[PDB]
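S.K.: Protein chains in written order, with the deposited numbering: chain B, 406 to 734, 751 to 939, 1318 to 1378; chain C, 407 to 734, 751 to 939, 1318 to 1378.
We put the beta carbon where it would ideally sit given N, CA and C, even for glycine.
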Amino acid sequence: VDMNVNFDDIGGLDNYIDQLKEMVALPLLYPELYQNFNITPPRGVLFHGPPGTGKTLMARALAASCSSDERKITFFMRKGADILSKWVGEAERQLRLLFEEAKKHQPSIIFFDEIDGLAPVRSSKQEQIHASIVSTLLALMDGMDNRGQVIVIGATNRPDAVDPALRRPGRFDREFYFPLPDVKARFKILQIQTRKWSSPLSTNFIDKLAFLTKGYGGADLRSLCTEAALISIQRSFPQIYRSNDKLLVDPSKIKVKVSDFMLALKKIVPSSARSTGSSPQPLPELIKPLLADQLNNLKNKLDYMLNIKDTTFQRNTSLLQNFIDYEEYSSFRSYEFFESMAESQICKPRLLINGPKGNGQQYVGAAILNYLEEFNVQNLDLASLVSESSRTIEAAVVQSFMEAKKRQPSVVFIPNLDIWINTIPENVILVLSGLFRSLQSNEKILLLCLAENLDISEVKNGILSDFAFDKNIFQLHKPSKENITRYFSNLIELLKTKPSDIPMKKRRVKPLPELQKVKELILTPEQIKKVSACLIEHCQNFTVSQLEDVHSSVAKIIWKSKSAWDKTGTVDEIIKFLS
Amino acid sequence: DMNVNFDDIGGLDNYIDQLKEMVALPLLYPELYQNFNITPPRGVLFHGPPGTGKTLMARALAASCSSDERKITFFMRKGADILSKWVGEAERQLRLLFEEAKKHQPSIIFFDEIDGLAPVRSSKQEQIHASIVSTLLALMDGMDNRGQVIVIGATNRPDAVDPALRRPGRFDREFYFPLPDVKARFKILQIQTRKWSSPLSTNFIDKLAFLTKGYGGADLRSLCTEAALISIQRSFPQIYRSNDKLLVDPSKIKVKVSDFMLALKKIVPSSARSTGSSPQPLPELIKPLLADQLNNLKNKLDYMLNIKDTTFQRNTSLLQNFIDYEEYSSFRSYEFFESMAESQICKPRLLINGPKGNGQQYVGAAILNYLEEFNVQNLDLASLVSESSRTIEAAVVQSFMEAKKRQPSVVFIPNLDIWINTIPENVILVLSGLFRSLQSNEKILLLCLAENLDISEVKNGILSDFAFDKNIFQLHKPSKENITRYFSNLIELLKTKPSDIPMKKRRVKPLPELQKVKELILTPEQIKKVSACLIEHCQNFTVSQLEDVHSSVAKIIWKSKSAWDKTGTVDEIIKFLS
Ligand SMILES: Nc1ncnc2c1ncn2[C@@H]1O[C@H](COP(=O)(O)OP(=O)(O)O)[C@@H](O)[C@H]1O
Ligand SMILES: Nc1ncnc2c1ncn2[C@@H]1O[C@H](COP(=O)(O)OP(=O)(O)O)[C@@H](O)[C@H]1O
């Protein structure tokens, strides 16, 4: 955990790399520029984000990248709260020694991993053992004497657990949020992990993997690549898994194929799925004909509410690159006026999706959350509120809304609003509404709620009246005839397939070599048309759930006779079922 | 430790004067302590919010008291840095510390983060911490009658220090470092932006001090550092791409207004890191809508709180009032006049009520931003039930207690209509009983903002005992002139040229490497039609509805930011307002 990593290993965090250069490498090479204004370079950064986003990798790359020249950067790394012992002496004494030896080797980086355990928040009881550590840490990090060129880096899952006196200029003046990688950063991470391989993958395959890995972190992508490689080893040379002696194998023709990555995709569960909220994922390919017609409309509406496709201001992905490629150009009437009139476009982002019971709302919500890739999703659903048994409903709601306030582009998500307004206490809705009306108009905190058979009277003169769902109510109407036709057309395409097409795996004729130790398908188109007509007629004024039920029931019948070439039996069974 | 002089610290002149007294006059004018059988003050305890100048004050005291004609030595021990696993070796270290601080006649001692070194009295934990606090008590209580050991103590929470160490004998004077106000932030920014090659205009520094509410000294320093760093990035970006030193020269790196305005959006003050934000002035866009009725709301607050006069301690430092003012029959006269000066506050109450969504969140924030010297205690829902352990009762009582400690305080209750429903009856009655057990002269202001609050609730209801009799301010919907100004500001974007819009353009030529050592058509008739339709459509509208119309029309206007034939945009604006 010391070396052999650099900044080309890191993918999708190019904005923070520039600032870390600006605080570590740049002062060393150019001390005249910093001393020109009599400023001290910022020292100490608090990395926080979802686990497996690259904080420790970022710190190691900082330590090993700025030391490429003949200016060594010693890297003192401390695990979370591993310094306190059973007595009262060593806890502060060892921190003292750490900072003194950091002073000795003047260009140095102390990395407190999991700093939330070393410096907890001051609770009601058990004060001494952690207060005596926090006080001395505060004393050495911003003492009277010049600490020197010691860059203090802390890493945490959440920053609220660190003492606020640490989150102060001179100690932790910069706080870096490491976000879950988007599609481009995931593409770059996949390219990086599959860079040293002997048989590189194609670019389009990496793009498709990046699309398929929505919700993954960097760590999840690395685990996926490792699992794909392990499956490739298992597929090429299974014999090494049986013998206890080292057989002779060749690191060749062990190229990874798509089938191995697909299997690793089911073997790996992301950190998105471990969470209790709704995992943002695109519309599954089966239901896409049914819903995508009315999902695009929502996107268009969202496009007119959050100004997603109209991004001329607040396009800050990387300030340094902006200064590199773009070019500047009285003062107030050219910056303040236009900035204000650009942020004046978001008034009060709200959206309530309300459809009949079972009309694929769990699907539309996930698709919308996937479209808003750059937004910070906060789930106010019942499961997330009640999952932390120590917290209360009100406390969880306040925590979620306050988290959504920072990281301004964010979405407060309330799936199953009809259940939510019936199982939550009446005062929590009032607290949330007071929080939302205590917001500025130009704030991009979208309130997206999905409800099943919600009465409009409850929104007009009920408890949800003070959320301002006036024009922002979208009705998810039942799917039309053409979408049902496309759904069952895919079903029929499954029906009229030859058994030589349906993938049956194998039965190998010859055993694996030992290693040296060291008919025609009969289906008239008339029957296909009759089955299509019966499916269309049976599902009249049906929702998405009923259509899925009919699809599953018919797919069972079709897959039953997946080898029979005379498909009249499956056809008459299908017709009999729809009666 | 640098050569920081006292002219580096800004906004704490009184404490600088007191420290100069207690450091020099005991040793420069010794006879004045004989006629009065009184000892010089021995202990001083600095306390306040983080990043205010405690360590700066100690470092300035060290640097100033080191010169040719007199020597003063500084001894620093950091918080709990003196203890070890050995049982009584910490006692030996502290005792020998005081021995060298006594053997050297000239030496003053400083304990940074004293609350960690000396916590409160130990009910449990009879371990070495209690022995350390007892030895500190018994060792700094006295070993020299009228000596030269000054024990300074820096801390963030003064209440975490052992009460036996806060005494007329040990830690005599307790100094409170406040978050700087506008005048002090001006001086701090001048001190930071002093040695720059191209100083800033004083109006810009005033505007900066206006915007940086809640910023400490450290926050302003960080803001200056970030502005300089952004200037360095903007001037010489190529230094961020090379791994070896290039040749860049100063005197072309100038810190402009844009860099400061871009650094403010990324710096969050230490008073808002765990809170999210701080109360901001009235936003520029809606200023034509509410500033007409906000100024009145300021004047009332300037009448029931005596803000503009501040007849007690209005100048910089007390020694300065003794220097440049002359003092004045003082036994009864002074008591009478102090009584009459304090009798100008009866019961500061204010209930700002208006229709739904009439910009109350803006008015409350602007008012809380106006009251600079006031310790705001928020009693909203998000602050009471934020914790899952303390009850609403305990939170409300504790918040009122903290408001009572720091006497100029504003108990702030936004969304009173939701508040009188979410908060049960017992908590409202407890808060009322707390408010009726105060003196009339107490400077605790109960500020309340509500939407569509029936006055039946406030003269005969739950709030009837809070004495909101004649202090109910009515926010009415903005008049036609305010709407006209708002939409004229909106329309001025329609009249701007496509080449005038700050649309950043790609540079036609790459960055230079360094040595490796047409008039748009808009007839005024369309502008008049747009103004008339905008005015007519937003009749008797509230602030939220006006903002909705403004956003909806700004979207259409910003769609045609490059077009010159603005007839289509005007037609779309007319069509939407129908
Ligand atoms: N942005 C990224 N770019 C490249 N690799 C990443 C990124 N984020 C995570 N990784 C990979 O994930 C692995 C583990 O990351 P880790 O340091 O455990 O993150 P965290 O400390 O947040 O859990 C690293 O070895 C790294 O290769
Ligand atoms: N009153 C002040 N005037 C000028 N600078 C200040 C002031 N207070 C704090 N600072 C700045 O804060 C930094 C040190 O603050 P510090 O002493 O650490 O505050 P505290 O010890 O109260 O947290 C210095 O860089 C200094 O520039």
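What separation, rounded to the nearest whole angstrom, lies between the Cα atoms of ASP578 of chain C and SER473 of chain C?
M.R.: 27 Å
S.K.: Among B:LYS1375, B:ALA496 and B:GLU935, which residue has its Cα nearest to the Cα of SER641 of chain B?
M.R.: B:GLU935
S.K.: If we count Cβ pairs, one from each stretch, closer than 8 Å, do we get three or more for the region 911-926 of chain B versus the region 808-818 of chain B?
M.R.: The answer is no - the region 808-818 of chain B does not touch the region 911-926 of chain B, with fewer than three Cβ pairs under 8 Å.
S.K.: Is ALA624 of chain B near ligand 1, with its Cβ less than 6 Å from a heavy atom?
M.R.: With a cutoff of 6 Å, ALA624 of chain B counts as near ligand 1, since its C-beta is closer than that to a heavy atom of the ligand.
S.K.: Name the one or two DSSP bridge partners that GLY786 of chain B has.
M.R.: Beta-bridge partners of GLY786 of chain B (DSSP): none assigned.
S.K.: Around the C-beta of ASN1340 of chain B, are 16 or more other C-beta atoms found within 10 angstroms, so that it is buried, or is it exposed?
M.R.: exposed
S.K.: What does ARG929 of chain C reach in chain B if we use C-beta pairs closer than 8 Å?
M.R.: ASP730, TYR731 and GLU732
S.K.: What residues in the region 574-608 of chain C bring their beta carbon closer than 9 Å to a beta carbon of chain B?
M.R.: Listed in sequence order: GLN598, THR599, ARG600, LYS601, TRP602 and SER603.
S.K.: Per DSSP, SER628 of chain C forms a beta bridge with which residues?
M.R.: Partner(s): none; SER628 of chain C has no beta bridge.
S.K.: Classify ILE514 of chain C as helix, strand or coil using the three-state DSSP reduction.
M.R.: In the structure shown, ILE514 of chain C sits in a strand (DSSP, three-state: E or B).
S.K.: Hey, how far is the Cα of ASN800 of chain C from the Cα of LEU851 of chain C?
M.R.: 18 Å
S.K.: Return yes when at least one heavy atom of ligand 2 lies under 6 Å from the C-beta of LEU500 of chain C, else no.
M.R.: no
S.K.: Please list the partners that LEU635 of chain C has in chain B, where partner means a Cβ-to-Cβ separation under 7 Å.
M.R.: Using a Cβ-Cβ cut-off of 7 Å, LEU635 of chain C is close to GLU427 of chain B, given in chain order.
S.K.: Taking a Cβ distance cut-off of 9 Å, strictly less, list which residues of the region 549-574 of chain B are near chain C, in chain order.
M.R.: When CB distances to chain C are screened at a threshold of 9 Å, the residues of the region 549-574 of chain B falling below it are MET549, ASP550, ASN551, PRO564, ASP565, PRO569, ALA570, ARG572, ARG573 and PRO574, in chain order.
S.K.: May I ask you to check if the CB of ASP578 of chain C is nearer than 6 Å to at least one heavy atom of ligand 2?
M.R.: Answer for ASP578 of chain C: no, Cβ out of range of ligand 2.
S.K.: At what residues does the beta strand (DSSP E) containing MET482 of chain B begin and finish?
M.R.: 479-483
S.K.: Expressed to the nearest angstrom, what Euclidean distance is found between the alpha-carbon atoms of residue 1166 of chain B and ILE415 of chain B?
M.R.: Looking at chain B, the numbering goes 939 and then 1318, which leaves residue 1166 of chain B without any coordinates in this model.
S.K.: Is the region 915-931 of chain C touching the region 862-881 of chain C, taking contact as three or more C-beta pairs under 8 Å?
M.R.: At 8 Å Cβ cutoff, the stretches do not touch.
S.K.: Answer yes or no: the CB of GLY781 of chain C versus the heavy atoms of ligand 1, is any distance below 6 Å?
M.R.: Remark: the C-beta of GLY781 of chain C is outside contact range of ligand 1, defined as less than 6 Å to any heavy atom.
S.K.: With a threshold of 6 Å, establish whether the CB of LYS460 of chain C neighbours any heavy atom of ligand 2.
M.R.: yes
S.K.: Quick one: is the Cβ of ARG627 of chain B within less than 6 Å of any heavy atom of ligand 1?
M.R.: Correct: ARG627 of chain B has its Cβ closer than 6 Å to ligand 1.
S.K.: May I have the straight-line CA-CA distance separating residue 735 of chain C from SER859 of chain B, to the nearest angstrom?
M.R.: Within the gap of chain C, which runs from 734 to 751, lies residue 735 of chain C, and it has no coordinates in the structure.
S.K.: Which bits of chain B does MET482 of chain C rub up against, with CB to CB less than 8 Å?
M.R.: For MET482 of chain C, the C-beta contacts it makes with chain B under 8 Å involve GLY548, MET549 and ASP550, in order along the chain.
S.K.: Label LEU700 of chain B either buried or exposed according to how many other C-beta atoms from any shown protein chain fall within 10 Å of its C-beta, with 16 as the threshold for buried.
M.R.: It is buried - the Cβ of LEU700 of chain B has at least 16 other Cβ atoms within 10 Å.
S.K.: Span of the alpha helix (DSSP H) holding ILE814 of chain C?
M.R.: 814-827 is the span of the alpha helix (DSSP H), which, as asked, contains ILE814 of chain C.
S.K.: Using a 10 Å radius around the Cβ and a threshold of 16 neighbouring Cβ atoms, would you call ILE1357 of chain B buried or exposed?
M.R.: buried
S.K.: Taking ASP625 of chain C as the query, report the chain B residues whose CB atoms sit under 8 Å from its CB, ordered along the chain.
M.R.: Contacts between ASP625 of chain C and chain B, judged by CB atoms closer than 8 Å, involve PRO574 in chain order.
S.K.: Can you find a heavy atom of ligand 4 that lies under 6 Å from the Cβ of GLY559 of chain B?
M.R.: Only ligand 1 and ligand 2 can be found as ligands here, which leaves ligand 4 out of the picture.
S.K.: CB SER751 of chain C to CB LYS660 of chain C, shorter than 7 Å?
M.R.: no
S.K.: Determine, for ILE645 of chain B, whether the minimum Cβ-Cβ distance to residues of chain C falls below 7 Å.
M.R.: no
S.K.: From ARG576 of chain C to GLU847 of chain C, what distance separates their C-alpha atoms?
M.R.: 46 Å
S.K.: Applying a beta-carbon distance threshold of less than 7 Å, which residues of chain C neighbour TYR421 of chain B?
M.R.: Within 7 Å Cβ-Cβ: nothing; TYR421 of chain B doesn't reach chain C, min ~13 Å.
S.K.: Quick one: which residues of the region 829-856 of chain C get their C-beta closer than 7 Å to a C-beta of chain B? List them in chain order.
M.R.: The residues in question are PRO836, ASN837, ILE840, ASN843 and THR844.
S.K.: If we count Cβ pairs, one from each stretch, closer than 8 Å, do we get three or more for the region 511-527 of chain B versus the region 554-566 of chain B?
M.R.: yes
S.K.: Jot down the residue ranges of each uninterrupted alpha helix (DSSP H) in the region 850-904 of chain B, minimum 4 residues, whole runs only, in chain order.
M.R.: 877-882
S.K.: Measure the alpha-carbon distance for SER810 of chain C versus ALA1354 of chain C and round it to whole angstroms.
M.R.: 43 Å
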